[PDB]
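Residue numbers (the entry's author numbering), protein chains in the order written: chain C, 61 to 86; chain A, 1 to 29; chain B, 31 to 59.
Backbone N, C-alpha and C define an ideal beta-carbon position, used for all residues, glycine too.
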Amino acid sequence: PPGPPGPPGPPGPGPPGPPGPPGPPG
Amino acid sequence: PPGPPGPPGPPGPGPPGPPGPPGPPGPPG
Amino acid sequence: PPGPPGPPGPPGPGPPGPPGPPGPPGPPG
Numbered sequence: 061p062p063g064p065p066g067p068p069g070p071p072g073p074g075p076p077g078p079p080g081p082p083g084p085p086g
Numbered sequence: 001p002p003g004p005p006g007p008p009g010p011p012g013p014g015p016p017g018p019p020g021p022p023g024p025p026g027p028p029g
Numbered sequence: 031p032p033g034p035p036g037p038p039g040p041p042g043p044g045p046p047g048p049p050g051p052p053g054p055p056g057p058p059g
């Protein structure tokens with residue numbers, strides 16, 4: 061009979077996060 | 001005889017990506 | 031007898047990372 065399913069695949073990092081908020085007033 | 005190979009495993013975990021870049025310069029004065 | 035285990039699964043890309051830090055502070059002018 062078919063053997064067991066393979067293990068979990070690779071865990072590539074997710075996408076970079078969005079740009080941060082505007083800097084503090086000058 | 002040995003049965004057939006099993007199916008492909010589940011999609012991998014995968015951690016959060018890196019932090020975003022710094023934001024835009026603040027407002028003038 | 032059962033066949034061999036399956037191959038590793040497909041890559042599992044994670045979620046978007048944390049927002050970037052605040053940008054630089056505005057100009058004096």
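Using beta-carbon positions only, say whether residue i and residue j come within less than 7 Å of one another.
i, j, result
"A:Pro15", "C:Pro62", "no"
"C:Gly77", "B:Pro49", "yes"
"C:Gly72", "B:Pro43", "yes"
"A:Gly23", "B:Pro52", "yes"
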